[PDB]
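Novice: I am sharing entry_5.json, which consists of JSON, C-alpha atoms and all ligand atoms:
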[["chain", "number", "residue", "atom", "x", "y", "z"],
["A", 4, "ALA", "CA", -40.24, -99.27, -35.27],
["A", 5, "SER", "CA", -38.72, -97.46, -32.27],
["A", 6, "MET", "CA", -36.23, -98.21, -29.47],
["A", 7, "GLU", "CA", -37.20, -97.64, -25.85],
["A", 8, "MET", "CA", -34.76, -94.74, -25.47],
["A", 9, "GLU", "CA", -36.52, -93.02, -28.39],
["A", 10, "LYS", "CA", -39.91, -93.42, -26.70],
["A", 11, "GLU", "CA", -38.45, -91.89, -23.54],
["A", 12, "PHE", "CA", -36.85, -89.10, -25.58],
["A", 13, "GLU", "CA", -40.17, -88.24, -27.18],
["A", 14, "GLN", "CA", -42.02, -88.17, -23.83],
["A", 15, "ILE", "CA", -39.41, -85.91, -22.22],
["A", 16, "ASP", "CA", -39.48, -83.60, -25.25],
["A", 17, "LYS", "CA", -43.28, -83.55, -25.32],
["A", 18, "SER", "CA", -43.51, -82.63, -21.62],
["A", 19, "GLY", "CA", -40.57, -80.17, -21.78],
["A", 20, "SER", "CA", -38.85, -81.87, -18.87],
["A", 21, "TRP", "CA", -35.16, -82.09, -19.77],
["A", 22, "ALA", "CA", -34.30, -79.66, -16.97],
["A", 23, "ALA", "CA", -36.12, -81.71, -14.34],
["A", 24, "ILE", "CA", -34.66, -84.98, -15.66],
["A", 25, "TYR", "CA", -31.15, -83.52, -15.59],
["A", 26, "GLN", "CA", -31.59, -82.02, -12.12],
["A", 27, "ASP", "CA", -32.74, -85.37, -10.78],
["A", 28, "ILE", "CA", -29.47, -86.84, -12.03],
["A", 29, "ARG", "CA", -27.52, -84.09, -10.26],
["A", 30, "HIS", "CA", -29.49, -84.79, -7.09],
["A", 31, "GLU", "CA", -28.91, -88.54, -7.15],
["A", 32, "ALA", "CA", -25.23, -88.33, -8.15],
["A", 33, "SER", "CA", -22.51, -89.81, -5.92],
["A", 34, "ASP", "CA", -20.69, -87.62, -3.39],
["A", 35, "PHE", "CA", -17.23, -88.93, -2.37],
["A", 36, "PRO", "CA", -14.31, -87.13, -0.71],
["A", 37, "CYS", "CA", -11.72, -85.18, -2.65],
["A", 38, "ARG", "CA", -9.36, -84.57, 0.25],
["A", 39, "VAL", "CA", -6.14, -84.81, -1.82],
["A", 40, "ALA", "CA", -7.41, -82.34, -4.41],
["A", 41, "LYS", "CA", -8.20, -79.87, -1.61],
["A", 42, "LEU", "CA", -4.82, -79.92, 0.11],
["A", 43, "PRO", "CA", -3.19, -76.48, 0.09],
["A", 44, "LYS", "CA", -0.17, -77.70, -1.82],
["A", 45, "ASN", "CA", -2.47, -78.70, -4.72],
["A", 46, "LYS", "CA", -4.39, -75.43, -5.07],
["A", 47, "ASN", "CA", -2.36, -74.36, -8.12],
["A", 48, "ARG", "CA", -2.93, -77.80, -9.76],
["A", 49, "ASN", "CA", -6.72, -77.26, -10.04],
["A", 50, "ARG", "CA", -8.20, -75.10, -12.80],
["A", 51, "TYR", "CA", -11.66, -74.76, -11.14],
["A", 52, "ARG", "CA", -12.34, -74.78, -7.37],
["A", 53, "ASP", "CA", -15.60, -76.69, -7.88],
["A", 54, "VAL", "CA", -14.21, -79.50, -10.12],
["A", 55, "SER", "CA", -12.05, -82.02, -8.28],
["A", 56, "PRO", "CA", -11.32, -85.74, -8.68],
["A", 57, "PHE", "CA", -12.62, -88.10, -5.97],
["A", 58, "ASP", "CA", -9.83, -89.64, -3.91],
["A", 59, "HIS", "CA", -10.96, -93.20, -4.71],
["A", 60, "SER", "CA", -10.68, -92.85, -8.51],
["A", 61, "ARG", "CA", -8.00, -90.21, -8.96],
["A", 62, "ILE", "CA", -5.01, -90.93, -11.17],
["A", 63, "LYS", "CA", -1.82, -90.94, -9.11],
["A", 64, "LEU", "CA", 1.40, -89.76, -10.71],
["A", 65, "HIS", "CA", 4.38, -92.13, -10.16],
["A", 66, "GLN", "CA", 6.24, -89.28, -8.56],
["A", 67, "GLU", "CA", 7.55, -89.35, -4.99],
["A", 68, "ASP", "CA", 7.29, -85.55, -4.61],
["A", 69, "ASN", "CA", 3.60, -84.91, -5.19],
["A", 70, "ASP", "CA", 1.47, -87.51, -6.96],
["A", 71, "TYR", "CA", -1.58, -85.24, -7.58],
["A", 72, "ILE", "CA", -3.19, -84.45, -10.95],
["A", 73, "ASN", "CA", -6.78, -83.36, -11.49],
["A", 74, "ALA", "CA", -7.76, -86.54, -13.37],
["A", 75, "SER", "CA", -10.09, -89.50, -12.72],
["A", 76, "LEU", "CA", -10.21, -93.10, -13.98],
["A", 77, "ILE", "CA", -13.77, -93.84, -15.24],
["A", 78, "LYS", "CA", -13.74, -97.62, -15.10],
["A", 79, "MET", "CA", -16.88, -98.94, -16.80],
["A", 80, "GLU", "CA", -17.01, -102.52, -15.56],
["A", 81, "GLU", "CA", -19.99, -103.85, -17.52],
["A", 82, "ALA", "CA", -18.88, -102.12, -20.75],
["A", 83, "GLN", "CA", -15.25, -103.20, -20.22],
["A", 84, "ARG", "CA", -13.85, -99.86, -21.35],
["A", 85, "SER", "CA", -12.01, -97.27, -19.26],
["A", 86, "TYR", "CA", -11.35, -93.59, -19.81],
["A", 87, "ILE", "CA", -9.22, -91.06, -17.99],
["A", 88, "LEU", "CA", -11.04, -87.71, -17.72],
["A", 89, "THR", "CA", -8.94, -84.69, -16.79],
["A", 90, "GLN", "CA", -9.07, -80.90, -16.86],
["A", 91, "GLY", "CA", -7.32, -78.94, -19.61],
["A", 92, "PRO", "CA", -3.74, -78.72, -18.23],
["A", 93, "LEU", "CA", -2.47, -75.50, -16.69],
["A", 94, "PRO", "CA", 0.90, -73.97, -17.54],
["A", 95, "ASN", "CA", 2.46, -75.68, -14.48],
["A", 96, "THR", "CA", 0.74, -79.09, -15.01],
["A", 97, "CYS", "CA", 1.60, -79.89, -18.68],
["A", 98, "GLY", "CA", 4.55, -81.99, -17.53],
["A", 99, "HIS", "CA", 2.22, -83.82, -15.11],
["A", 100, "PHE", "CA", -0.27, -84.36, -17.95],
["A", 101, "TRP", "CA", 2.26, -86.08, -20.23],
["A", 102, "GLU", "CA", 3.66, -88.03, -17.27],
["A", 103, "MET", "CA", 0.18, -89.38, -16.75],
["A", 104, "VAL", "CA", -0.17, -90.27, -20.45],
["A", 105, "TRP", "CA", 3.16, -92.09, -20.25],
["A", 106, "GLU", "CA", 2.60, -93.91, -16.97],
["A", 107, "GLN", "CA", -0.95, -94.97, -17.84],
["A", 108, "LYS", "CA", 0.14, -96.22, -21.34],
["A", 109, "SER", "CA", -2.52, -94.22, -23.17],
["A", 110, "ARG", "CA", -2.43, -94.27, -26.97],
["A", 111, "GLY", "CA", -4.82, -91.37, -27.63],
["A", 112, "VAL", "CA", -5.72, -87.98, -26.18],
["A", 113, "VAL", "CA", -9.15, -86.54, -27.05],
["A", 114, "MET", "CA", -9.45, -82.74, -26.68],
["A", 115, "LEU", "CA", -12.96, -81.27, -27.00],
["A", 116, "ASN", "CA", -12.20, -77.55, -26.41],
["A", 117, "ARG", "CA", -10.14, -74.76, -27.93],
["A", 118, "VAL", "CA", -7.36, -73.07, -25.97],
["A", 119, "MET", "CA", -9.27, -69.77, -26.00],
["A", 120, "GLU", "CA", -13.08, -69.81, -25.54],
["A", 121, "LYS", "CA", -15.46, -67.12, -24.38],
["A", 122, "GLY", "CA", -12.55, -64.66, -24.20],
["A", 123, "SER", "CA", -10.64, -66.79, -21.64],
["A", 124, "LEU", "CA", -7.75, -69.25, -21.75],
["A", 125, "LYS", "CA", -9.47, -72.57, -21.01],
["A", 126, "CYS", "CA", -6.43, -74.80, -21.57],
["A", 127, "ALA", "CA", -2.65, -74.40, -21.77],
["A", 128, "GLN", "CA", -0.86, -74.92, -25.10],
["A", 129, "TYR", "CA", 0.39, -78.34, -23.99],
["A", 130, "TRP", "CA", 1.43, -79.80, -27.37],
["A", 131, "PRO", "CA", 3.76, -78.39, -30.09],
["A", 132, "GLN", "CA", 2.25, -76.56, -33.03],
["A", 133, "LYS", "CA", 5.33, -76.81, -35.26],
["A", 134, "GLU", "CA", 7.45, -79.88, -36.11],
["A", 135, "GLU", "CA", 10.70, -78.02, -35.59],
["A", 136, "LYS", "CA", 9.70, -76.61, -32.14],
["A", 137, "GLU", "CA", 9.44, -79.66, -29.90],
["A", 138, "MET", "CA", 8.61, -79.29, -26.20],
["A", 139, "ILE", "CA", 10.66, -80.55, -23.26],
["A", 140, "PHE", "CA", 8.97, -80.84, -19.87],
["A", 141, "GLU", "CA", 11.96, -80.58, -17.58],
["A", 142, "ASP", "CA", 10.11, -81.46, -14.38],
["A", 143, "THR", "CA", 8.99, -84.89, -15.68],
["A", 144, "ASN", "CA", 11.82, -85.57, -18.17],
["A", 145, "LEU", "CA", 9.66, -86.01, -21.28],
["A", 146, "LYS", "CA", 10.08, -84.73, -24.85],
["A", 147, "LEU", "CA", 7.08, -84.17, -27.15],
["A", 148, "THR", "CA", 7.37, -83.63, -30.95],
["A", 149, "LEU", "CA", 4.65, -82.89, -33.53],
["A", 150, "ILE", "CA", 5.12, -85.51, -36.28],
["A", 151, "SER", "CA", 2.18, -84.64, -38.59],
["A", 152, "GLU", "CA", -1.34, -83.28, -38.50],
["A", 153, "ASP", "CA", -4.47, -83.76, -40.60],
["A", 154, "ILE", "CA", -6.69, -80.69, -40.41],
["A", 155, "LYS", "CA", -10.39, -81.12, -41.28],
["A", 156, "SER", "CA", -13.03, -78.39, -41.23],
["A", 157, "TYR", "CA", -14.09, -78.92, -37.62],
["A", 158, "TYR", "CA", -11.47, -81.27, -36.06],
["A", 159, "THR", "CA", -7.78, -82.04, -36.39],
["A", 160, "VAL", "CA", -5.89, -85.30, -35.82],
["A", 161, "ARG", "CA", -2.23, -85.02, -34.85],
["A", 162, "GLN", "CA", 0.51, -87.63, -34.62],
["A", 163, "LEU", "CA", 2.79, -86.86, -31.66],
["A", 164, "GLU", "CA", 5.99, -88.57, -30.52],
["A", 165, "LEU", "CA", 6.36, -88.77, -26.74],
["A", 166, "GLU", "CA", 9.82, -89.74, -25.48],
["A", 167, "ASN", "CA", 10.82, -90.75, -21.98],
["A", 168, "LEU", "CA", 14.18, -89.04, -21.77],
["A", 169, "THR", "CA", 15.32, -91.22, -18.87],
["A", 170, "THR", "CA", 14.96, -94.45, -20.88],
["A", 171, "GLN", "CA", 14.92, -93.03, -24.44],
["A", 172, "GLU", "CA", 11.75, -95.10, -25.12],
["A", 173, "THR", "CA", 9.38, -93.41, -27.59],
["A", 174, "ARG", "CA", 5.67, -93.83, -28.23],
["A", 175, "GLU", "CA", 3.30, -92.50, -30.85],
["A", 176, "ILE", "CA", 0.35, -90.62, -29.29],
["A", 177, "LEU", "CA", -2.67, -89.69, -31.40],
["A", 178, "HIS", "CA", -4.32, -86.35, -30.61],
["A", 179, "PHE", "CA", -8.00, -85.94, -31.63],
["A", 180, "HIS", "CA", -8.94, -82.29, -31.38],
["A", 181, "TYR", "CA", -12.60, -81.26, -31.80],
["A", 182, "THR", "CA", -12.43, -77.54, -32.63],
["A", 183, "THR", "CA", -16.10, -76.55, -33.08],
["A", 184, "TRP", "CA", -17.80, -77.75, -29.88],
["A", 185, "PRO", "CA", -18.63, -74.69, -27.70],
["A", 186, "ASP", "CA", -17.98, -74.63, -23.96],
["A", 187, "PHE", "CA", -21.29, -75.28, -22.07],
["A", 188, "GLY", "CA", -22.74, -76.19, -25.50],
["A", 189, "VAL", "CA", -23.38, -79.15, -27.85],
["A", 190, "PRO", "CA", -21.98, -80.31, -31.18],
["A", 191, "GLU", "CA", -23.49, -78.88, -34.35],
["A", 192, "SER", "CA", -25.24, -82.17, -35.19],
["A", 193, "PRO", "CA", -25.28, -85.78, -34.05],
["A", 194, "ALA", "CA", -23.66, -86.62, -37.39],
["A", 195, "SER", "CA", -20.57, -84.51, -36.93],
["A", 196, "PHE", "CA", -20.21, -85.64, -33.34],
["A", 197, "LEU", "CA", -20.52, -89.34, -34.30],
["A", 198, "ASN", "CA", -18.18, -88.90, -37.26],
["A", 199, "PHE", "CA", -15.55, -87.60, -34.80],
["A", 200, "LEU", "CA", -16.17, -90.30, -32.17],
["A", 201, "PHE", "CA", -15.91, -93.01, -34.83],
["A", 202, "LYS", "CA", -12.62, -91.50, -36.05],
["A", 203, "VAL", "CA", -11.35, -91.98, -32.49],
["A", 204, "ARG", "CA", -12.70, -95.52, -32.41],
["A", 205, "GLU", "CA", -11.26, -96.40, -35.80],
["A", 206, "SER", "CA", -7.76, -95.33, -34.74],
["A", 207, "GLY", "CA", -7.54, -98.20, -32.30],
["A", 208, "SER", "CA", -6.94, -95.80, -29.39],
["A", 209, "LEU", "CA", -9.75, -97.35, -27.29],
["A", 210, "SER", "CA", -8.39, -100.88, -27.64],
["A", 211, "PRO", "CA", -8.09, -102.75, -24.33],
["A", 212, "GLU", "CA", -4.52, -103.53, -25.37],
["A", 213, "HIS", "CA", -3.67, -99.87, -24.63],
["A", 214, "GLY", "CA", -4.02, -97.84, -21.44],
["A", 215, "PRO", "CA", -7.20, -95.78, -21.08],
["A", 216, "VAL", "CA", -7.73, -92.98, -23.58],
["A", 217, "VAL", "CA", -7.28, -89.56, -21.99],
["A", 218, "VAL", "CA", -10.29, -87.24, -22.61],
["A", 219, "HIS", "CA", -10.42, -83.60, -21.64],
["A", 220, "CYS", "CA", -12.26, -80.33, -22.24],
["A", 221, "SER", "CA", -11.62, -77.25, -20.04],
["A", 222, "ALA", "CA", -12.84, -78.89, -16.79],
["A", 223, "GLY", "CA", -12.91, -82.52, -17.87],
["A", 224, "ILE", "CA", -16.64, -82.99, -17.04],
["A", 225, "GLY", "CA", -19.16, -81.29, -19.42],
["A", 226, "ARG", "CA", -18.03, -82.02, -23.00],
["A", 227, "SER", "CA", -15.80, -84.87, -21.76],
["A", 228, "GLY", "CA", -18.76, -86.46, -19.96],
["A", 229, "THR", "CA", -20.92, -86.17, -23.09],
["A", 230, "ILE", "CA", -18.57, -88.03, -25.41],
["A", 231, "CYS", "CA", -17.86, -90.74, -22.84],
["A", 232, "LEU", "CA", -21.56, -91.33, -22.10],
["A", 233, "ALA", "CA", -22.36, -91.72, -25.78],
["A", 234, "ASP", "CA", -19.41, -94.03, -26.36],
["A", 235, "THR", "CA", -20.13, -96.26, -23.37],
["A", 236, "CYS", "CA", -23.84, -96.52, -24.24],
["A", 237, "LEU", "CA", -23.00, -97.52, -27.82],
["A", 238, "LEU", "CA", -20.48, -100.09, -26.60],
["A", 239, "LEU", "CA", -23.02, -101.63, -24.18],
["A", 240, "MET", "CA", -25.56, -101.90, -27.02],
["A", 241, "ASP", "CA", -22.83, -103.53, -29.18],
["A", 242, "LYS", "CA", -21.74, -106.17, -26.65],
["A", 243, "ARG", "CA", -25.33, -107.07, -26.13],
["A", 244, "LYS", "CA", -26.62, -106.32, -29.68],
["A", 245, "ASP", "CA", -29.65, -105.04, -27.73],
["A", 246, "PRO", "CA", -30.57, -101.32, -27.67],
["A", 247, "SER", "CA", -33.27, -101.96, -25.06],
["A", 248, "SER", "CA", -30.77, -103.13, -22.48],
["A", 249, "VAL", "CA", -29.26, -99.63, -22.34],
["A", 250, "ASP", "CA", -30.48, -97.17, -19.70],
["A", 251, "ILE", "CA", -28.67, -93.92, -20.51],
["A", 252, "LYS", "CA", -29.48, -92.17, -17.22],
["A", 253, "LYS", "CA", -28.28, -95.22, -15.26],
["A", 254, "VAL", "CA", -25.02, -95.30, -17.25],
["A", 255, "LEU", "CA", -24.40, -91.60, -16.55],
["A", 256, "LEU", "CA", -25.04, -92.12, -12.84],
["A", 257, "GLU", "CA", -22.57, -94.99, -12.90],
["A", 258, "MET", "CA", -19.94, -92.79, -14.60],
["A", 259, "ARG", "CA", -20.55, -90.11, -11.94],
["A", 260, "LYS", "CA", -19.39, -92.60, -9.25],
["A", 261, "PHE", "CA", -15.91, -91.94, -10.71],
["A", 262, "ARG", "CA", -15.90, -88.21, -11.43],
["A", 263, "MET", "CA", -18.30, -85.42, -10.38],
["A", 264, "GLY", "CA", -20.34, -83.30, -12.72],
["A", 265, "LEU", "CA", -20.14, -85.38, -15.91],
["A", 266, "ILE", "CA", -22.55, -83.69, -18.37],
["A", 267, "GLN", "CA", -22.95, -80.04, -17.33],
["A", 268, "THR", "CA", -26.24, -79.03, -18.97],
["A", 269, "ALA", "CA", -29.65, -80.51, -19.66],
["A", 270, "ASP", "CA", -29.06, -79.89, -23.37],
["A", 271, "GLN", "CA", -25.87, -81.94, -23.31],
["A", 272, "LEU", "CA", -27.94, -84.79, -21.81],
["A", 273, "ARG", "CA", -30.56, -84.37, -24.50],
["A", 274, "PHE", "CA", -27.82, -84.35, -27.13],
["A", 275, "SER", "CA", -26.32, -87.56, -25.66],
["A", 276, "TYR", "CA", -29.66, -89.31, -26.26],
["A", 277, "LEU", "CA", -29.76, -88.03, -29.85],
["A", 278, "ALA", "CA", -26.21, -89.26, -30.45],
["A", 279, "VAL", "CA", -26.84, -92.73, -28.99],
["A", 280, "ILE", "CA", -30.15, -93.14, -30.84],
["A", 281, "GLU", "CA", -28.48, -92.24, -34.14],
["A", 282, "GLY", "CA", -25.31, -94.28, -33.50],
["A", 283, "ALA", "CA", -27.48, -97.31, -32.74],
["A", 284, "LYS", "CA", -28.20, -97.56, -36.48],
["A", 285, "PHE", "CA", -24.53, -98.38, -37.08],
["A", 286, "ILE", "CA", -24.31, -100.79, -34.11],
["A", 287, "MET", "CA", -27.36, -102.74, -35.27],
["A", 288, "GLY", "CA", -25.87, -103.41, -38.71],
["A", 289, "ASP", "CA", -26.30, -100.42, -41.06],
["A", 290, "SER", "CA", -22.68, -99.52, -41.66],
["A", 291, "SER", "CA", -23.68, -97.09, -44.49],
["A", 292, "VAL", "CA", -24.88, -94.50, -41.92],
["A", 293, "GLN", "CA", -21.17, -93.93, -41.16],
["A", 294, "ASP", "CA", -20.66, -92.62, -44.71],
["A", 295, "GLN", "CA", -23.83, -90.53, -44.27],
["A", 296, "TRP", "CA", -22.39, -88.91, -41.13],
["A", 297, "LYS", "CA", -19.12, -88.15, -42.85],
["A", 298, "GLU", "CA", -21.00, -86.50, -45.73],
["A", 299, "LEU", "CA", -23.24, -84.51, -43.35],
["A", 300, "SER", "CA", -20.25, -83.32, -41.30],
["A", 301, "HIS", "CA", -18.49, -81.56, -44.28],
["A", 302, "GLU", "CA", -14.96, -82.45, -43.15],
["A", 303, "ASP", "CA", -13.47, -80.97, -46.33],
["B", 401, "LIG", "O1", -15.07, -77.58, -20.75],
["B", 401, "LIG", "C1", -16.15, -78.16, -20.46],
["B", 401, "LIG", "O2", -16.94, -78.74, -21.24],
["B", 401, "LIG", "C2", -16.55, -78.01, -19.01],
["B", 401, "LIG", "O3", -17.16, -78.90, -18.39],
["B", 401, "LIG", "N1", -16.26, -76.76, -18.50],
["B", 401, "LIG", "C3", -16.60, -76.39, -17.21],
["B", 401, "LIG", "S1", -17.36, -77.22, -16.06],
["B", 401, "LIG", "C4", -17.32, -76.06, -14.94],
["B", 401, "LIG", "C5", -16.75, -74.82, -15.42],
["B", 401, "LIG", "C6", -16.29, -75.07, -16.86],
["B", 401, "LIG", "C7", -15.61, -74.03, -17.77],
["B", 401, "LIG", "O4", -15.11, -74.42, -18.87],
["B", 401, "LIG", "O5", -15.58, -72.80, -17.44],
["B", 401, "LIG", "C8", -16.56, -73.56, -14.68],
["B", 401, "LIG", "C9", -16.71, -73.80, -13.20],
["B", 401, "LIG", "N2", -17.86, -74.67, -12.89],
["B", 401, "LIG", "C10", -17.85, -76.01, -13.52],
["B", 402, "CL", "CL", -0.67, -79.35, 1.83],
["B", 403, "CL", "CL", -7.06, -74.44, -29.87],
["B", 404, "CL", "CL", -13.02, -66.14, -27.74],
["B", 405, "CL", "CL", -4.25, -72.29, -19.00],
["B", 406, "CL", "CL", -23.45, -81.33, -12.05]]
How would this structure read if it were set down as structure tokens?
Specialist:
Amino acid sequence: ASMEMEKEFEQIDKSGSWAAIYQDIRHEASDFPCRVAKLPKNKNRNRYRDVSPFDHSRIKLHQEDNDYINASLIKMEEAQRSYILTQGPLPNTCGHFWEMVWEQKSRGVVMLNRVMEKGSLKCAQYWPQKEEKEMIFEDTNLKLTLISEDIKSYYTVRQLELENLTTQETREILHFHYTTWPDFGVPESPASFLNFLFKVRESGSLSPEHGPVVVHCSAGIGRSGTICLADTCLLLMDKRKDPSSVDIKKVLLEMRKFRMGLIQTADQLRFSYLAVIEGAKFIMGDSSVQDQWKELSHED
């Protein structure tokens, strides 16, 4: 037996047409204004000139001075799950980043990049690496402490304590850090990707009782778009219990109403199909594949 996304996958593969399929998505994608992102006062808040949040879906900081951060709310109405996608913070926007986490009530942060990739600094060191060296973001009045970390062969999970120094309220934030996913590239296998995504799911960080999970890579679109497409597609299949109801290209186009550029290469699209097709086994009632993925991912 075969799902309809697998029959599509095979026809695209057979005809060698991933590039054309992906370029049609780029051509049909939404174009909305980003006038706030382009104001001169925000030039040093954007990592890449060509990656900006749309005005209509940008996250606003609760700050009277300047409410801008390069971040978008991806609000998936049919799936009933939301995500905040943002760029890797810059040295002058790490306070803004944790202000956003606080104000939006997020429980988890998912980081898909390393700080240094391809010889360049793709992300600021925005969390503490040592328990005894906490960080204070003076501009936004927040304190951030590393509580513990669990290092696996290709990803790390950290427990952070984020404190609002004005109120002295504290919250536990979980940090899921994928350390082997190359920029402009794909994960090593569906299994290791799904093992990581299910670790995020299992944590409870995507619960609708929390604010949206924050997801980022360097730009907040290529790797970030890939994990969110796979997750949303799996959740739609789950609500429905119906793999055939899921149109992956249509879901990606819907996500691109909320942030530009989600999924940056044809191979990341192709990989998204592979991940959804494999994850469908778990959704449709074979929970043992989850142990298979963990074994295939060699976490230890
Ligand atoms: O980090 C990602 O997965 C991602 O989308 N990165 C992106 S998207 C993007 C760039 C990058 C980059 O990292 O250099 C460079 C400028 N053009 C768009
Ligand atoms: Cl301005
Ligand atoms: Cl890193
Ligand atoms: Cl490097
Ligand atoms: Cl940086
Ligand atoms: Cl694009």
Novice: I need the residue nearest ligand CL 402 (chain B) from this list: A:22, A:97, A:40, A:287. Use all atoms listed in the file for the distance.
Specialist: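 Closest to ligand CL 402 (chain B), using all atoms listed in the file: A:40.
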Novice: Can you measure CA of residue 218 in chain A to CA of residue 77 in chain A for me? One decimal in Å is fine.
Specialist: 10.5 Å
Novice: Each residue of chain A lying at most 9 Å from ligand CL 406 (chain B) should get a row with its shortest atom-to-atom pair and the distance in Å to one decimal, counting all atoms listed in the file; could you produce that, ordered by chain and increasing number, as CSV?
Specialist:
residue,atom,partner,partner_atom,distance
A:25,CA,B:CL406,CL,8.8
A:26,CA,B:CL406,CL,8.2
A:28,CA,B:CL406,CL,8.2
A:29,CA,B:CL406,CL,5.2
A:30,CA,B:CL406,CL,8.5
A:32,CA,B:CL406,CL,8.2
A:224,CA,B:CL406,CL,8.6
A:225,CA,B:CL406,CL,8.5
A:263,CA,B:CL406,CL,6.8
A:264,CA,B:CL406,CL,3.7
A:265,CA,B:CL406,CL,6.5
A:266,CA,B:CL406,CL,6.8
A:267,CA,B:CL406,CL,5.5
A:268,CA,B:CL406,CL,7.8
Novice: Select the residues contacting ligand CL 402 (chain B) at a distance of at most 12 Å, based on only C-alpha atoms and all ligand atoms, then format the selection as a list in words.
Specialist: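 With only C-alpha atoms and all ligand atoms and a cut-off of 12 Å, ligand CL 402 (chain B) is contacted by residues 38, 39, 40, 41, 42, 43, 44, 45, 46, 47, 48, 68, 69 and 71 of chain A.
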Novice: Find the residue from A:209, A:82, A:239, A:115 that sits nearest to residue 180 in chain A; use only C-alpha atoms when measuring.
Specialist: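 Once distances to residue 180 in chain A are computed over only C-alpha atoms, the minimum belongs to A:115.
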Novice: Compare A:154, A:216, A:23, A:177 by their minimum atom-to-atom distance to residue 103 in chain A, counting all atoms listed in the file, and give me the closest one.
Specialist: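 Residue with the minimum atom-to-atom distance to residue 103 in chain A: A:216.
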Novice: Which residue is closest to residue 35 in chain A? Choose from A:261, A:251, A:152, A:121 and count all atoms listed in the file.
Specialist: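 Closest candidate: A:261.
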Novice: Would you work out the distance separating CA of residue 231 in chain A from CA of residue 76 in chain A, expressed in Å to one decimal?
Specialist: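 Distance reported for this atom pair: 11.9 Å.
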Novice: Could you list, as a PyMOL selection string, all the residues within 10 Å of ligand CL 403 (chain B), counting all atoms listed in the file?
Specialist: chain A and resi 114-120+124-128+180-183
Novice: Would you export the selected residues with C-alpha atoms as a PDB file, keeping the file's coordinate frame, please?
Specialist:
ATOM      1  CA  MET A 114      -9.450 -82.740 -26.680  1.00  0.00           C
ATOM      2  CA  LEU A 115     -12.960 -81.270 -27.000  1.00  0.00           C
ATOM      3  CA  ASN A 116     -12.200 -77.550 -26.410  1.00  0.00           C
ATOM      4  CA  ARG A 117     -10.140 -74.760 -27.930  1.00  0.00           C
ATOM      5  CA  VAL A 118      -7.360 -73.070 -25.970  1.00  0.00           C
ATOM      6  CA  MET A 119      -9.270 -69.770 -26.000  1.00  0.00           C
ATOM      7  CA  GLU A 120     -13.080 -69.810 -25.540  1.00  0.00           C
ATOM      8  CA  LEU A 124      -7.750 -69.250 -21.750  1.00  0.00           C
ATOM      9  CA  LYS A 125      -9.470 -72.570 -21.010  1.00  0.00           C
ATOM     10  CA  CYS A 126      -6.430 -74.800 -21.570  1.00  0.00           C
ATOM     11  CA  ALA A 127      -2.650 -74.400 -21.770  1.00  0.00           C
ATOM     12  CA  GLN A 128      -0.860 -74.920 -25.100  1.00  0.00           C
ATOM     13  CA  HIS A 180      -8.940 -82.290 -31.380  1.00  0.00           C
ATOM     14  CA  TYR A 181     -12.600 -81.260 -31.800  1.00  0.00           C
ATOM     15  CA  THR A 182     -12.430 -77.540 -32.630  1.00  0.00           C
ATOM     16  CA  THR A 183     -16.100 -76.550 -33.080  1.00  0.00           C
TER      17      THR A 183
END
Novice: Using the file's own x, y and z axes, what box holds all listed atoms of range 117-136 of chain A with 4 Å on each side, keeping edges along x, y and z, and what are its centre and edge lengths in Å to one decimal, as lines of an AutoDock Vina configuration file?
Specialist:
center_x = -2.4
center_y = -72.3
center_z = -28.6
size_x = 34.2
size_y = 23.2
size_z = 23.1
Novice: When you count all atoms listed in the file, which of these residues is closest to ligand CL 405 (chain B): A:101, A:57, A:129, A:21?
Specialist: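 Closest residue, counting all atoms listed in the file: A:129.
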Novice: Could you work out how far CA of residue 274 in chain A lies from CA of residue 80 in chain A, giving the answer in Å with one decimal?
Specialist: 24.1 Å
Novice: Find, counting only C-alpha atoms and all ligand atoms, the residue in A:56, A:90, A:5, A:193 that gets nearest to ligand CL 405 (chain B).
Specialist: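 Among A:56, A:90, A:5, A:193, it is A:90 that comes nearest to ligand CL 405 (chain B).
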Novice: I want to know what sits within 12 Å of range 242-248 of chain A, based on all atoms listed in the file, with residues of the same chain fewer than 6 positions away left out; could you give that as a list in words?
Specialist: residues 5, 6, 7, 8, 9, 10, 11, 81, 82, 83, 84, 235, 236, 254, 279, 280, 281, 282, 283, 284, 285, 286, 287 and 288 of chain A
Novice: How about saving the chosen residues, C-alpha atoms kept, as an mmCIF file, in the frame of the given file?
Specialist:
data_model
loop_
_atom_site.group_PDB
_atom_site.id
_atom_site.type_symbol
_atom_site.label_atom_id
_atom_site.label_comp_id
_atom_site.auth_asym_id
_atom_site.auth_seq_id
_atom_site.Cartn_x
_atom_site.Cartn_y
_atom_site.Cartn_z
ATOM 1 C CA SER A 5 -38.720 -97.460 -32.270
ATOM 2 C CA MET A 6 -36.230 -98.210 -29.470
ATOM 3 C CA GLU A 7 -37.200 -97.640 -25.850
ATOM 4 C CA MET A 8 -34.760 -94.740 -25.470
ATOM 5 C CA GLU A 9 -36.520 -93.020 -28.390
ATOM 6 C CA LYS A 10 -39.910 -93.420 -26.700
ATOM 7 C CA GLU A 11 -38.450 -91.890 -23.540
ATOM 8 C CA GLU A 81 -19.990 -103.850 -17.520
ATOM 9 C CA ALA A 82 -18.880 -102.120 -20.750
ATOM 10 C CA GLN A 83 -15.250 -103.200 -20.220
ATOM 11 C CA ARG A 84 -13.850 -99.860 -21.350
ATOM 12 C CA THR A 235 -20.130 -96.260 -23.370
ATOM 13 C CA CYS A 236 -23.840 -96.520 -24.240
ATOM 14 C CA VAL A 254 -25.020 -95.300 -17.250
ATOM 15 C CA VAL A 279 -26.840 -92.730 -28.990
ATOM 16 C CA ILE A 280 -30.150 -93.140 -30.840
ATOM 17 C CA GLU A 281 -28.480 -92.240 -34.140
ATOM 18 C CA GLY A 282 -25.310 -94.280 -33.500
ATOM 19 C CA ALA A 283 -27.480 -97.310 -32.740
ATOM 20 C CA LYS A 284 -28.200 -97.560 -36.480
ATOM 21 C CA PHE A 285 -24.530 -98.380 -37.080
ATOM 22 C CA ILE A 286 -24.310 -100.790 -34.110
ATOM 23 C CA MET A 287 -27.360 -102.740 -35.270
ATOM 24 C CA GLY A 288 -25.870 -103.410 -38.710
#
